[PDB]
Structures are given as C-alpha cells and as structure tokens.
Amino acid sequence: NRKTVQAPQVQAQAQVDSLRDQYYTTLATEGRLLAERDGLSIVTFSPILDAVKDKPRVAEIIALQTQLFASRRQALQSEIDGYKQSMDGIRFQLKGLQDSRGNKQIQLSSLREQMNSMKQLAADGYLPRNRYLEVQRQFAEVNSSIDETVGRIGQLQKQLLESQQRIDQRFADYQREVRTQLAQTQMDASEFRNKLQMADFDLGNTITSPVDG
C-alpha cells in the first residue's frame, strides 16, 4: 500500500574533501610513528595513502613524513654515537690512569724494599748513616699519590656507568615520547574516520529510493 520518500555532490563533497586530507595527514603521521615505535629502517605508508600518491597534497605529506623520519633517526643515531665515543674517551683516560698506578706500585715496592734492608741492617747491629724516616716519608707520599690516582679512577668508572644510564634514559625517553604521540595520532585517526563516515553518509544523499522506477 505505497511508500513515501522523505529525505532531509554539491557541497558536502567539499566537507568530505576537507576531512579527507586531515585524515591522510594523520595516516602519514601514524606510519612515521609506527616505524619509530618499532625499529624499522624505512617508513611504510598506509594503502589508503598508497592508493592516492598522485594527489599533490598527499605526495607532499608523505615526503614530509619521510624527511622528518630520516631527520629524527639520524639525530638519535648521532646522539647515541656521541655517547659512545664520550665513553671511549673515558675508557681512554682510564687506561693512562692505570699505567700510572702500576708504575707507582713499582716505586712503592722499591721504597718498601729499601726500608726493609735498612731494618735488616739495623737488626744485624749496623745502623745506616742514612735517614730511614726520609724513606718513610717517600713511601707515605707514593702511597697517597696512589690513592689520588685510584680516586680519579673510581670517579671515571662512575662516569661511564652514569653515561650508560644516560643512554638508557634517552632511548626510554624517546620510546615514551613516540608512544604518546602515537596514541594521540591514533585517536585523531579515529575521530577523522568516524566524522568521514558521516560526511560520506551526507553525500550519499543527493537521493532516491528506487533509482529508476
């Protein structure tokens, strides 16, 4: 017993277009971020974006993401490399301090020996015209020198450990940053998706119940 048509590409198309680039921007940003979250060498973009490279705004936003990705990766790379050679410089300092410490050790044993031989002569009934106290001083000095060198060493070892925790810190900071931006981007991807389903819905109406009779 009959049906009645009661509903509501001319301007809604514009709305759809507008939501669409914004969305594409989010897709590009998400490809970049996904690549950065994981440890991928190259960004790989959504087939949504992929299907439509030809559009200049799209080609532009992809280029931008490829660049920004490259810049960031180069920067992290160069930073952590910097940390490692900083550590290498520290290790290089450590080596020299150890050389000194050993050579001081040798001077230390030798002082010790001269003190003993003085004591042995004394024990035999011969006391040296030489002053043993002078040697007690040299020995004591070498000893404290050695302590200085050791303290310096401990300091350096602490520094490499701290710098290592610094590296670990900056990877972690990067991870958190990237995951935050990513979740945010994903939310935007979703609000755009849904808004776009709606705009599409609007454009679908321009219409007719049956099409031809």
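Heads up: residue numbers just count along the shown sequence, starting at 1.
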Check: Counting only residues of the deposited sequence, how many between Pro8 and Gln9 have no atoms in the entry (none, 1 to 3, 4 to 9, 10 or more)?
Finding: 10 or more
Item checked: Residue range whose averaged C-alpha B-factor is higher in the record, 100-108 or 124-132 -> 124-132
Note to self: Going by the mean C-alpha B-factor recorded in the entry, which is higher: 53-61 or 28-36?
What the structure shows: 53-61
Notebook entry, point to check: Going by the entry, which of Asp188, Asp147, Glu162, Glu177 has the most elevated CA B factor?
Noted result: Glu162
Next item on the list: Rank-wise, by C-alpha B-factor, drop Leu196 into the lowest, middle or highest third of its chain.
Entry: lowest
Notebook entry, point to check: What third of its chain's C-alpha B-factors does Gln67 belong to: lowest, middle or highest?
Noted result: lowest
Check: Taking the entry's C-alpha B-factors for this chain, is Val43 in the lowest, middle or highest third?
Finding: middle
